[PDB]
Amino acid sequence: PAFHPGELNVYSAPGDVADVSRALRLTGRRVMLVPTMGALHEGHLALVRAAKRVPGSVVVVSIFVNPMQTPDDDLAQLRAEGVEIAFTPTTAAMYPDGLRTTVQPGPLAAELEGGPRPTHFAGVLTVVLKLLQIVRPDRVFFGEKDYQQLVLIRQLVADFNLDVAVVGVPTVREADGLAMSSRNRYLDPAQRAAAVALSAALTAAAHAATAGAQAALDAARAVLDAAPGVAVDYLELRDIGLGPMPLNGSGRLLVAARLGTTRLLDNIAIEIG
């Protein structure tokens, strides 16, 4: 199993990537995992640089579309961001036995994004557990964009005593404020010019919050209401760990909305008072 440094090395077999990761961590190099699903956009690249600026770092980026909850291009971007290792497993190699032992998330997984799709987080956490066992990284990187996934991953790491640091990375935005997503490729300049409502409603809510939680929401609800063809799935104010109603201190505002069949998510830091 061969690792050519300063270059992009691509492994498919769990065993190879594991052996190398292990070899490397002996050499005093610190392994950083960036789990992806392919289709890398400027927003994944934030995740890569964050990892990259860790002194000693060897970066592993995994590209795996999990069938339960652009290979070349992604690789080019990677060779170009200076990434040394890409882990691209097959489905057979990740599920030789199908769904057998799986992770069951806590009750947070049935809410929000888990409300319509109630096994999605089980799917997600199960693969993240396998990735972190395969690669045993020092730190593992996730975008704040999918903030509920982030919190759930931290519970995973805590509840199972996993020896890995979870770094959440702040969302990356187009110049008008729209959260970068693959999904924004879909969207007529109709829908896509309306798409800016999500972040505008969030940033307004965040400013209005001096007047309280209640003003912050009305603000945001007012902004979406004034947007052509944005159908809200949810708009929700939570504590940073995604419990209740942030007392009145500080927390998170979350939004999910359809434009056509294209579902968008976004969230922001909020302080009340």
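We call the rigid core whatever largest set of C-alpha positions still superposes within 1.5 Å between the two forms. Each residue number is its position in the shown sequence, starting from 1.
Between stretches 143-151 and 184-192, greater average Cα displacement in 9 other deposited structures of this protein relative to the shown form, fitted by the core, falls on 184-192.
In a rigid core superposition of the other structures in 9 other deposited structures of this protein, 247-255 and 8-16 differ in how far their CA atoms stray, and the farther one is 247-255.
According to the entry, the stretch of the deposited sequence that connects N248 to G249 contains no residue lacking coordinates, so the chain runs unbroken between them. Across the two stretches, 72-80 and 127-135, the PDB entry reports the greater mean Cα temperature factor for 72-80. The question of which stretch, 230-238 or 201-209, has the higher mean Cα B factor is settled in favour of 230-238. Comparing the listed residues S181, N161, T171, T88, the entry records the largest Cα B-factor for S181. Across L187, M94, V103, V157, the entry's maximum B-factor at the CA atom is seen for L187.
Per the deposited record, the Cα B-factor of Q191 falls in the highest third when ranked against the other modelled residues of its chain.
Among all modelled residues in its chain, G115 ranks in the highest third by Cα B-factor. Placement of the Cα temperature factor of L26 within the chain: highest third of the modelled residues, per the deposited record. Placement of the Cα temperature factor of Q214 within the chain: middle third of the modelled residues, per the deposited record. Among all modelled residues in its chain, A175 ranks in the highest third by Cα B-factor.
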